[PDB]
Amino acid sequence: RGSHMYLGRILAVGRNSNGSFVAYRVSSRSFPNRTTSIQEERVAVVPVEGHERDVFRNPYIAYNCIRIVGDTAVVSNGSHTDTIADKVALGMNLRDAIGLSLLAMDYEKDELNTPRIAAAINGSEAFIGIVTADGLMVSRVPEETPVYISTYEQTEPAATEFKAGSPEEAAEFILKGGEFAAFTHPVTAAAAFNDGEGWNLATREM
């Protein structure tokens, strides 16, 4: 609880007065040598130059954290981002797409049984989910307020006043803004924002 301010990987999703969004932040202790990279309609969490090797030491440190498929934004702390986005692309409602992926992928097999978390949002709805050694949960994001979840400590949706009017601001906020400023070991962050004219990506370093 209280003295444990290290949430590990964090993601937020929802809508505010300026538009819809998904934010993601990498918090790490054992692998801080990483950054976010923007590529065609996706943001990848990858090793910074010199540490390419790391992906061979740990299979959970490199993955697309954000995938944009049509009007849908997908965010997750691992390779399941692709699993989910692909299902949405091929036609599958958000809840099931997240549910099926997490159920199959399951929690990560590391020394902490690190959970797999994810969220997806489109024009009319948004869902957030997590899978751990103790269970599986996927739930509708209340339209009334953005929420966030992490792999450690905050392993269930938590309401948050996420103020941001662009992907750059969104990424900066989950990295240093509001309640997120208190969560330790920030490394890198990324976000996708949609003010109505489409999904835009952005990244932010410390």
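In this text, residue numbers run from 1 along the sequence as written.
Asker: Read off the CA B-factors in the entry, average them over 138-146 and over 48-56, and name the higher stretch.
Answerer: Between 138-146 and 48-56, it is 48-56.
Asker: Check where residue 164 lands among this chain's C-alpha B-factors and tell me if it's the lowest, middle or highest third.
Answerer: It falls in the top third of the chain.
Asker: With respect to C-alpha B-factor, does residue 24 fall in the lowest, middle or highest third of the chain as deposited?
Answerer: Within its chain, residue 24 is a lowest-third residue by C-alpha B-factor, going by the deposited values.
Asker: When the modelled residues of the chain are sorted by Cα temperature factor, does residue 72 land in the lowest, middle or highest third?
Answerer: Within its chain, residue 72 is a middle-third residue by C-alpha B-factor, going by the deposited values.
Asker: Looking at the entry's B-factor column for C-alpha atoms only, identify whether residue 79 ranks in the lowest, middle or highest third of its chain.
Answerer: According to the entry, residue 79 has a C-alpha B-factor in the chain's lowest third.
Asker: For the chain shown, is the CA B-factor of residue 66 in the lowest, middle or highest third of its modelled residues?
Answerer: Middle third - that is where residue 66 ends up once the chain's C-alpha B-factors are sorted.
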